[PDB]
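Here you get one chain, nothing else, as structure tokens; it is the form deposited in one PDB entry.
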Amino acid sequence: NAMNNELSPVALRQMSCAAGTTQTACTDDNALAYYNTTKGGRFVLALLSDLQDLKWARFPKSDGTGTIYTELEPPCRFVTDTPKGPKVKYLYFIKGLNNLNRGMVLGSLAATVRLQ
């Protein structure tokens, strides 16, 4: 049968985390992060927040030895249909995220938040 393809069991969850414009400006739960469940620590894909000018993000290490900081891409503006009126949110990509994982964020976003 030629070759063999197999998709590993990967799941996309979300969690509250800190973010900001400076290294120190990252403070308690100002955004929501999209991450991947992988054995070699968590792989954060994108950030979703209500702020327009964010550059850094903090995450506690999976083992617990310390903290990690990640650079953010320029945000992508989009609108969600919220029952209490449409709300505008800002979506931040990881500074070095490839277009493949970018699509995963979009498919997960359209499935976890009400778009358009």
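Quick note: we count residues from 1 along the sequence shown, nothing fancier. We call the rigid core whatever largest set of C-alpha positions still superposes within 1.5 Å between the two forms.
Another form, the form deposited in another entry, is not on view; read the next lines as being about it.
When you overlay the rigid core, is the Cα of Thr82 off by 2 Å or more between the shown form and the other one?
Yes; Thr82 is a residue whose C-alpha shifts (by 2 Å or more) between the shown form and the other one when the cores are overlaid.
Taking the shown form as reference, are the C-alpha positions of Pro83 and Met15 brought closer or pushed farther apart in that other deposited form, with a change of 3 Å or more?
Their C-alpha distance shrinks by at least 3 Å in that other deposited form.
Please check whether, in that other deposited form, the CA atoms of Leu12 and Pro83 lie closer or farther apart than here, given a change of 3 Å or more.
Relative to this form, closer in that other deposited form.
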